[PDB]
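Coordinate analysis (summary)
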Amino acid sequence: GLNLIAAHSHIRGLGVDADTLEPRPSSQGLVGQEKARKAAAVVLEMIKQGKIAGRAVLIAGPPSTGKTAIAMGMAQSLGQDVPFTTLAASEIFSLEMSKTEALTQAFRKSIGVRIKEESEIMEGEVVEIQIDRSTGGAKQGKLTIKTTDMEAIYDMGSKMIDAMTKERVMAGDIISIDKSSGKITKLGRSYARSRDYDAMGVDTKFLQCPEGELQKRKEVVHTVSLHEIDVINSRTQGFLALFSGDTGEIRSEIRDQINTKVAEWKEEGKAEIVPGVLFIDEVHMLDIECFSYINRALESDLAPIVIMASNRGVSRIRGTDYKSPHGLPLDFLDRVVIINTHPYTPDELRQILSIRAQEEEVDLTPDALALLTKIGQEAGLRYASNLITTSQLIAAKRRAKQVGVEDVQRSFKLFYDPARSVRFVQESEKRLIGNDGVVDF
Amino acid sequence: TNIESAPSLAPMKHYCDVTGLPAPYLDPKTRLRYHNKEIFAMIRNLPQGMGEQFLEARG
Ligand SMILES: Nc1ncnc2c1ncn2[C@@H]1O[C@H](COP(=O)(O)OP(=O)(O)O)[C@@H](O)[C@H]1O
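Residues numbered from 1 in each chain as written, not as in the entry; some residues may be left out. Chains lettered and ligands numbered in written order. Part of a larger assembly, values for the part shown. Heavy atoms only, no water.

For this deposition, the record names cryo-EM as the technique by which the model was determined and cites 3.754 Å as its resolution.

The name given to chain B in the PDB entry is les6, with Chaetomium thermophilum var. thermophilum DSM 1495 as the source organism. Its PDB record names the entry "CryoEM Structure of INO80core".

The PDB entry lists chain A under the name RuvB-like helicase, with Chaetomium thermophilum var. thermophilum DSM 1495 given as the organism. Of the comments in the UniProt record for chain A, the one headed Subcellular location (unreviewed entry) reads "Nucleus". Under Catalytic activity (unreviewed entry), UniProt gives the following word-for-word description of chain A: "ATP + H2O = ADP + phosphate + H(+)". (UniProt positions renumbered as here; feature names shortened; annotations may be inferred.)

1. Thoughts on the overall build of chain A
Summing up its helical and strand segments, chain A has 14 helices and 17 strands in all. In terms of C-alpha radius of gyration, chain A reaches 29 Å, well past the compact-globule figure of 22 Å for 441 residues. The 441 residues of chain A split such that 40% are buried. Summed over all atoms, the accessible surface of chain A reaches about 26,600 Å², with 49% contributed by carbon and sulfur. Distance between charge centroids for chain A: 3 Å, based on 57 positive and 63 negative side chains. (Helix = DSSP H or I, 4+ residues; strand = E, 2+ residues; numbered from the N terminus. Rg over C-alpha atoms; globule rule 2.2 N^0.38 Å. Buried < 20%, exposed > 50% of the residue type's maximum accessible area, 1.4 Å probe, protein only. Areas by Shrake-Rupley, 256 points an atom, 1.4 Å probe, with all protein chains shown as cover. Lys, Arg positive; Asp, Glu negative; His and termini not counted. Charge placed at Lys NZ, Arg CZ, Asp CG, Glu CD.)

2. Points about the packing of aromatic side chains
In total, this model carries 7 aromatic pairs over all chains according to the counting rule given. Look at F291(A) and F332(A): their rings are 5.0 Å apart centre to centre, the planes differ by 45 degrees, and that puts the pair in the tilted class. Of the two residues, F291(A) is situated in helix 8 (residues 288–297) and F332(A) in helix 9 (residues 330–333); the sequence distance between them amounts to 41 residues. By relative accessible area, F291(A) is classed as buried at 2%. A centroid spacing of 5.0 Å and a plane angle of 85 degrees characterise the contact between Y25(B) and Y34(B), whose relative ring orientation is edge-to-face. (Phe/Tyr/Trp six-rings, centres within 6.5 Å; stacked < 30°, edge-to-face > 60°.)

3. Quick look at the pattern of salt bridges
Residue and element names in this part refer to chain A. The tally for this structure, following the rule as stated, stands at 17 salt bridges over all chains. As a salt-bridge pair, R217 and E120 come within 3.1 Å of each other at their nearest N and O atoms. Residue classification places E120 among the partly exposed positions, given a relative accessible area of 24%. Shared partners join several salt bridges into a network, and the residues in it are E101, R108, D230 and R255. (Salt bridge = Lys/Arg side-chain N within 4 Å of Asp/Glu carboxyl O.)

4. Things to note about the UniProt feature "binding site: ADP 3" (unreviewed entry) in chain A
With numbering aligned to this structure, UniProt lists the feature "binding site: ADP 3" (unreviewed entry) at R296(A). You can see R296(A) is positioned in helix 8.

5. Quick word on the UniProt feature "domain: Vps72/YL1 C-terminal" (unreviewed entry) in chain B
The UniProt record marks residues 14–43 of chain B with the feature "domain: Vps72/YL1 C-terminal" (unreviewed entry), using the residue numbering of this structure. As annotated, residues 14–43 of chain B comprises 23% helix and 0% strand, and the C-alpha atoms at either end are separated by 17 Å.

6. Considerations on the sheet that holds strand 3 (residues 56–60) of chain A
Residue and element names in this part refer to chain A. Taken together, the 5 strands give an open sheet; going across it, the order is 4-13-14-3-17, and neighbouring strands pair in parallel fashion. Each having just a single partner strand, strand 4 (84–88) and strand 17 (337–340) make up the two edges of the open sheet. Strand after strand, the sheet turns through a mean of 20 degrees between neighbouring axes, direction not considered. Judged from the 5 bridges that link them, strand 4 and strand 13 (residues 277–281) form a sheet pairing that is parallel. (Pairing = 2+ DSSP bridges. Axes fitted to C-alpha atoms, helices over the stretch in contact; angles between N-to-C directions.)

7. Description of the UniProt feature "binding site: ADP 2" (unreviewed entry) in chain A
All names here are of chain A. Those places that UniProt annotates as "binding site: ADP 2" (unreviewed entry) correspond, in this numbering, to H8, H10, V31, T65, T68 and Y344. Position of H8 among the secondary structure elements: in the segment before strand 1 (26–27). When neighbours within four sequence positions are excluded, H8 is seen to be in contact with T68, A69 and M72. When you line up the elements, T65 lands in the loop between strand 3 and helix 2 (68–76). The buried category is assigned to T65, whose relative accessible area is 4%. If we skip the residues at most four places from it in the chain, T65 touches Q33, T341, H342, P343 and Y344. (Contact = heavy atoms within 4.5 Å.)

Laid out in structure tokens, this is it:
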């Protein structure tokens, strides 16, 4: 259920030590890359510090050398505390709004405000409800509830009886009367009144009575970004915009006033600022109009740390015509700090394929693993990592248990690696449409 | 003469009658305001003839 095995469902953190920053070679999924993972550990430990601006670290390297892997490791090694925001750099070129403002919203989404305030809630099974609607109305009524320990009677206001017939609280429900507002979230049904429920399904879950006292205070901790507050303070009822994207050009005085009130909340001790992480995946897909704004959005106090990944070598910059390293302008490459990765040695290829095999729970003979490492030496990680999933199913065709050489050699036979596909294009020129000609036999 | 005593009509803050701490909820069996589950335990296992004396001290 919504945990289908993706291409990065085996990474459970960055995997490095947190005491001497040593990249131990096989832990939490990330296996083999040493120097880049130590530099990512240093960057990760200066994100959680908070006493640095929005800086820019560029994960440069060849294709399929573990850059999104390092980014997903840093995403998993923070939890749901410091806001990590992914950004493939083609979500910016929108039509609902401009392009620089679409970039500004992605900067504002990664600066959380974390505030902690209390509520007063009530657990418990309702023993019975009596409502004096006799022509009468919702005027007075009695509510007898209990936990395993407590038991109590309350009298109800009119704007609570109008909330009891709103949720239809029965005799046996497990409700949570939030006292400061009045909403009722029925946590379930009590088991002991299983006879007393007729208009339910045949298969219906039942809980037990809540344990402990019946009137307790919760210290809930909320964390919302500055883009949240910007979209909330933009219309009459405007938070729906951040669930439907219908926000437009937000005027800059609203963002300036919210940048003032967050500082006034911090100095009064009512709030706390958490700088997040913004991962601009495929940063070479930005034109120079983006870099002339990222060069100045990484200057203010309220700026998240930007981590970004580039594949291209000496390539052209979009918008302009002149080439540059990594597809980035040089006045912006002065800002960034570059981590270079390396291709993988064959034993590291073998154990990455071993981790990808143990993630999908596919049994492999060591001869088939040697053949698969031999394929991955010549066709990359993605092809062999797909041959695993293909070979399990081909072994399941003929009712086998373990995959072998006779199934990896079928998966290598049917599904071409891209080198043989380029050879197929080069040796089938006259029928494939190059630019002009179609020849039919 | 001697009928100048006057009652009140206002919401009263109801306290506990076992201890003196502020208590927000009562009982169906004995109708005693009580603070927490220790006082609820001592209410539900007290010897008979005293659960009326708490209401007698309260009124
Ligand atoms: N250190 C590693 N440990 C485990 N798997 C890795 C590692 N590096 C790369 N991989 C695997 O190789 C594949 C390619 O990595 P990825 O970062 O997506 O390539 P690219 O950098 O071209 O995006 C990923 O699916 C990932 O599972």
